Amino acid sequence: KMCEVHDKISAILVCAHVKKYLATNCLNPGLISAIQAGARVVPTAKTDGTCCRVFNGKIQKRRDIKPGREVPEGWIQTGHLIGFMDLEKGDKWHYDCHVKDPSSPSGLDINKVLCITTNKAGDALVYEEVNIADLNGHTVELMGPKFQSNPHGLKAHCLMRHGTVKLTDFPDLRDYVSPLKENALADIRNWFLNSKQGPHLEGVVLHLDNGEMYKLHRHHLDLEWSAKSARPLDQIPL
């Protein structure tokens, strides 16, 4: 039901990039046209790690090649060229999300990866060792101690399917389109400051029926992102 991160994602709100961000109350034109076309908008939680995917039972790391640079052997474009490639020898921390097997020529169980996902109820996250094939064809977020200084306080390197966590009581952006409410920036900012989930998140990525996505980082909202300003993700209420 959720989309796949294969190209860059526009911002929910028009934001000027000062080389800081100068956010505005103006929604993305594409998002307005989609909401008026009748697409359902599912707000999901944006995590802070390194973009990956499972492709034919293997983990593939995202790599954006800039103009004129050597395309890595194995790169497969998807959407400043965006694409994915297989892991290299030096990708110690990418392979560390696999479950271990010291009696193997690789030391790894190549068919099992640790993941953080929703438990049987829809109330809390849980670490689970899943078959890597369960994530085939899906984009994931690799997170842990050695990625971004572990701003979520995760206890091990794990993958999280994008769109897993669905945000509760997030501002219904359809109320700012043709408009009942008009302060989309402040309302969203207030949701990240005073909601029960906001403090656990780096931002919000919207998943629509078109396969489109629209994101907002804490930096657009003039907010701080860090392990200090972040509550552990494993303690997030769902």
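The first residue of the sequence shown is number 1, and the count goes up from there.
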What lies unmodelled of the deposited sequence between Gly79 and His80 amounts to 4 to 9
Unresolved deposited positions lying between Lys19 and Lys20 come to 10 or more
Of 111-119 vs 68-76, the stretch with the larger average CA B-factor in the entry is 68-76
Looking only at C-alpha temperature factors in the entry, 193-201 or 56-64, the higher average sits in 56-64
The largest CA temperature factor among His94, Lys146, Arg161, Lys89 is found at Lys89
From the entry's CA B-factor values, the highest among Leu27, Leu180, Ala186, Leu206 is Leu180
Sorting the chain's modelled residues by C-alpha B-factor and splitting them into thirds places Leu238 in the middle
Chain-relative C-alpha B factor for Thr47 (record values, thirds): the lowest
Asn131: CA temperature factor from the record, placed by chain third, in the middle
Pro151: CA temperature factor from the record, placed by chain third, in the lowest
Among the modelled residues of its chain, the C-alpha B-factor of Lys8 falls in the third labelled highest
